[PDB]
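A short write-up of the structure that comes next.
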Amino acid sequence: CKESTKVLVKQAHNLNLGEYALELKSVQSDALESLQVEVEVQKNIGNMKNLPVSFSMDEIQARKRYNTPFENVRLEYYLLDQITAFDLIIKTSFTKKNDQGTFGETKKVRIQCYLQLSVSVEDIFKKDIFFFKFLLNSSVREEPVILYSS
């Protein structure tokens, strides 16, 4: 037992690719808050859970807080709930079981839950011809937004 006050701190850094894993983003949504996930398929996948982690439960798929484990999921979404939250913390753990035993647990990825742009609508009414006025804006007042199509 070489346990001591040593501050050596060996890395075992994040390897890049060419093996199965799972990632969690939040894109292509409507105007109600949600979250998503995506994974790389393999020979035999297994259970893969998640959790929130704070003093109070920020977002919850159930009535109270939840975990929402699932078995053999490739690309599917998951909803959330309400608090004064901007960026929640999700500790996704994935027992892959591709081999006899293989895991990639405790991937504490802090996902973000906010609308990027902001839209306001003004309607003007002529005699049976109708025009829209669309006042677009950015939600946060530090980072700007770019655009591709509307």
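Letters for chains follow the order of the structure tokens (A, B, ...), residue numbers begin at 1 for each chain, and ligand numbers begin at 1 in the order shown.
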For this session: Fewer than 4 positions away in the same chain doesn't count, so skip those; otherwise give me all residues within 12 Å of residue 142 in chain A, counting only C-alpha atoms, as a list in words.
Result: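 These residues fall inside the cut-off: residues 116, 137 and 138 of chain A.
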Selected residues written out with C-alpha atoms, as a short mmCIF file (atom, residue, chain, number, x, y, z; two decimals), in the first residue's frame:
data_model
loop_
_atom_site.label_atom_id
_atom_site.label_comp_id
_atom_site.auth_asym_id
_atom_site.auth_seq_id
_atom_site.Cartn_x
_atom_site.Cartn_y
_atom_site.Cartn_z
CA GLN A 116 -30.71 30.89 -27.88
CA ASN A 137 -33.42 39.17 -30.70
CA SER A 138 -30.86 37.27 -28.63
#
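Residues within 8 Å of residue 69 in chain A, counting only C-alpha atoms and excluding same-chain residues fewer than 4 positions away, are residues 47, 48, 49 and 50 of chain A.
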For this session: Extract, using only C-alpha atoms, all DNA, RNA and protein residues at most 8 Å from range 94-106 of chain A, discarding same-chain residues fewer than 5 positions from it, and format them as a list in words.
Result: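 My list of contacting residues is residues 21, 22, 42, 43, 44, 45, 46, 47, 48 and 49 of chain A.
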Exercise. Looking at A:2, A:112, A:125, A:120, which one is nearest to residue 33 in chain A, with distances taken over only C-alpha atoms?
Worked result: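 For residue 33 in chain A, the nearest of the given residues is A:112.
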Problem set entry | Per-residue DSSP, chain A, filtered to strand (DSSP E), as an MDAnalysis selection string | chainID A and resid 22:23 34:39 47:49 70:71 75:79 90:94 107:109 117:125 130:138
Residues of the last selection are to be written out with C-alpha atoms, as a PDB file, in the first residue's frame.
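Below is the file that was written, out_0.pdb:
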ATOM      1  CA  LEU A  22     -22.949   8.004 -25.732  1.00  0.00           C
ATOM      2  CA  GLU A  23     -23.301  11.795 -25.828  1.00  0.00           C
ATOM      3  CA  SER A  34     -36.372  19.354 -23.447  1.00  0.00           C
ATOM      4  CA  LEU A  35     -33.108  17.400 -23.777  1.00  0.00           C
ATOM      5  CA  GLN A  36     -31.680  14.743 -26.068  1.00  0.00           C
ATOM      6  CA  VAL A  37     -29.027  12.028 -26.345  1.00  0.00           C
ATOM      7  CA  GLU A  38     -27.191  10.069 -29.021  1.00  0.00           C
ATOM      8  CA  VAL A  39     -25.066   6.932 -29.016  1.00  0.00           C
ATOM      9  CA  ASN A  47     -28.503  -0.178 -19.492  1.00  0.00           C
ATOM     10  CA  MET A  48     -27.513   3.496 -19.374  1.00  0.00           C
ATOM     11  CA  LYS A  49     -28.817   5.763 -16.618  1.00  0.00           C
ATOM     12  CA  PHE A  70     -33.121   2.842 -20.493  1.00  0.00           C
ATOM     13  CA  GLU A  71     -31.856  -0.277 -22.256  1.00  0.00           C
ATOM     14  CA  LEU A  75     -31.001   8.273 -30.461  1.00  0.00           C
ATOM     15  CA  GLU A  76     -33.980   9.496 -28.435  1.00  0.00           C
ATOM     16  CA  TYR A  77     -35.010  12.585 -26.490  1.00  0.00           C
ATOM     17  CA  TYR A  78     -36.184  13.302 -22.933  1.00  0.00           C
ATOM     18  CA  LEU A  79     -38.138  16.199 -21.412  1.00  0.00           C
ATOM     19  CA  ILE A  90     -26.279  15.529 -15.601  1.00  0.00           C
ATOM     20  CA  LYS A  91     -24.147  12.584 -14.437  1.00  0.00           C
ATOM     21  CA  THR A  92     -24.680  10.028 -17.190  1.00  0.00           C
ATOM     22  CA  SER A  93     -23.434   6.518 -16.392  1.00  0.00           C
ATOM     23  CA  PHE A  94     -23.311   3.839 -19.094  1.00  0.00           C
ATOM     24  CA  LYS A 107     -19.565  11.280 -17.443  1.00  0.00           C
ATOM     25  CA  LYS A 108     -20.620  14.417 -15.578  1.00  0.00           C
ATOM     26  CA  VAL A 109     -21.611  16.563 -18.567  1.00  0.00           C
ATOM     27  CA  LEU A 117     -32.597  33.503 -29.913  1.00  0.00           C
ATOM     28  CA  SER A 118     -35.685  35.488 -28.903  1.00  0.00           C
ATOM     29  CA  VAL A 119     -38.719  36.410 -31.000  1.00  0.00           C
ATOM     30  CA  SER A 120     -41.363  39.093 -30.616  1.00  0.00           C
ATOM     31  CA  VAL A 121     -44.335  39.436 -32.954  1.00  0.00           C
ATOM     32  CA  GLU A 122     -46.237  42.553 -34.060  1.00  0.00           C
ATOM     33  CA  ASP A 123     -49.310  42.248 -36.281  1.00  0.00           C
ATOM     34  CA  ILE A 124     -50.611  45.021 -38.549  1.00  0.00           C
ATOM     35  CA  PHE A 125     -54.007  44.716 -40.235  1.00  0.00           C
ATOM     36  CA  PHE A 130     -52.211  40.980 -43.417  1.00  0.00           C
ATOM     37  CA  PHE A 131     -48.522  41.604 -42.673  1.00  0.00           C
ATOM     38  CA  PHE A 132     -46.256  40.285 -39.924  1.00  0.00           C
ATOM     39  CA  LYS A 133     -43.560  42.174 -38.055  1.00  0.00           C
ATOM     40  CA  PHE A 134     -41.057  39.788 -36.468  1.00  0.00           C
ATOM     41  CA  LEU A 135     -38.743  41.423 -33.914  1.00  0.00           C
ATOM     42  CA  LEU A 136     -35.974  38.876 -33.506  1.00  0.00           C
ATOM     43  CA  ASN A 137     -33.415  39.174 -30.697  1.00  0.00           C
ATOM     44  CA  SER A 138     -30.861  37.271 -28.629  1.00  0.00           C
TER      45      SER A 138
END
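Note that the spacing between CA of residue 81 in chain A and CA of residue 54 in chain A amounts to 14.5 Å.
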Exercise. Please, what distance in Å, to one decimal, runs between CA of residue 61 in chain A and CA of residue 28 in chain A?
Worked result: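 Atom-to-atom, CA of residue 61 in chain A to CA of residue 28 in chain A, that is 18.9 Å.
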Problem set entry | Counting only C-alpha atoms, the residue of A:24, A:73, A:146, A:88 that sits nearest residue 55 in chain A | A:88
Exercise. Interatomic distance between CA of residue 15 in chain A and CA of residue 3 in chain A?
Worked result: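 It comes out at 26.8 Å.
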